[PDB]
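Next comes just one chain, in structure tokens: the form deposited in one PDB entry.
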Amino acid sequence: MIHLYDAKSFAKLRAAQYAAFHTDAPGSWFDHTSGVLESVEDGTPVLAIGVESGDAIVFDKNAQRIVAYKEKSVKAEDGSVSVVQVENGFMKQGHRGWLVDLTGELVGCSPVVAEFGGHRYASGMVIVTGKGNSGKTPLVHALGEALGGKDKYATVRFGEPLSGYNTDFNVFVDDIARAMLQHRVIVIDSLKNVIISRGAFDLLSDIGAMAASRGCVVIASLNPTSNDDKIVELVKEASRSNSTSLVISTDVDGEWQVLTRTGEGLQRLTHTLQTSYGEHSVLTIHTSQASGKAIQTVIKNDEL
């Protein structure tokens, strides 16, 4: 909805967003939204996501698709009205994204999803990319495990010429919706095939906001390597504008840079990561600040 502010309320909003990242208990936001989702009326539409054609499919709190749901409106605070209607498995009325309010007046946050090795990590979308020899697949799994902490992480596999990999986009959005509805830490191996159809465009522009709203983190690998400025710029734009955080390789093998948006209008943070391989390519991230706009685009050049 729209929000109204004066100096006082805006100052309070910024203090709260700052806290959502810096001081809140890691993963508390996810716990809170999990509570909101489970308290919802059974059969109630909670999430809509775009399939390949640009049409949207809808899920309930248990990640089951809702095929038919007769028109039902809800008047918001600002006086606006939200309407949801599902027919023959497709959203007839409504919008893409969360169909129920998880945030409230608290918008524009990057809820801390976890703390690891002395650093806090934001929820939302994290894109892992870069050129060079440092492997991305091993990195997303190590990050997924590290941020999962006590919890297991969920893995969504898509578009790789390996066994058991789904290559159908519509099955992919189904997997993603189920993952965000049920887990705090999600790994997506290969955004490459989405990088273009309407659904693909919708996903890139929607996923970060969906995850951040839920308080879950989606770690997605994206390879730039494709000297075709048409696609390469799309990679830089996705990394620049649709990612809540960015994890990119450097000149030194095994070393990565983490760039994190800490909230609406807040400063981006950066820290480095050292890693090493053990048996069968299992990667481990070793354990034992503010970056400017210019520095940010400097890292973006790396992918050219």
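Only residues modelled in both forms are compared. Numbers for residues come from their place in the sequence shown, where the first is 1. Throughout, rigid core stands for the largest set of C-alpha atoms superposing within 1.5 Å between the two forms.
Counting the unmodelled positions of the deposited sequence between residue 195 and residue 196 gives a long gap of 10 or more residues. Per the record, residue 288 and residue 289 are separated by 4 to 9 deposited residues that have no coordinates.
Between the stretches 12 to 20 and 290 to 298, it is 290 to 298 that shows the larger average CA temperature factor. Just going by the entry, 38 to 46 versus 255 to 263 on mean CA temperature factor gives the higher value to 38 to 46. When the C-alpha B-factors of 170, 133, 155, 213 are read from the PDB record, the largest value belongs to 133.
The entry assigns its greatest Cα B factor, within the set 202, 233, 145, 174, to 233. Ranked within its chain, residue 66 lands in the highest third, by CA B factor from the PDB record. Sort the chain's modelled residues by C-alpha temperature factor and residue 121 lands in the lowest third, per the entry. Residue 114 sits in the middle third of its chain by CA B factor, as recorded in the PDB entry. Per the PDB record, residue ranking by Cα B-factor puts residue 270 in the lowest third of the chain.
Ranked within its chain, residue 79 lands in the highest third, by CA B factor from the PDB record.
Same protein, other form: the form deposited in another entry, not shown, and the subject of what follows.
After superposition on the rigid core, the single residue among 89, 132, 138, 117 whose C-alpha moves by 2 Å or more between this form and the one not shown is 132.
After superposing the rigid core, the C-alpha of residue 75 moves by less than 2 Å between this form and the one not shown.
Remark: with the core as the superposition reference, the CA shift of residue 234 between this form and the one not shown reaches 2 Å or more. Relative to this form, in the other form the C-alpha atoms of residue 207 and residue 231 separate from one another by 3 angstroms or more. In the other form, the Cα positions of residue 207 and residue 234 lie at least 3 Å farther from each other than in the form displayed. For residues common to both forms, superposing the rigid core between this form and the one not shown reveals consecutive runs of 3 or more with all Cα shifts of 2 angstroms or more at 132 to 134, 227 to 238.
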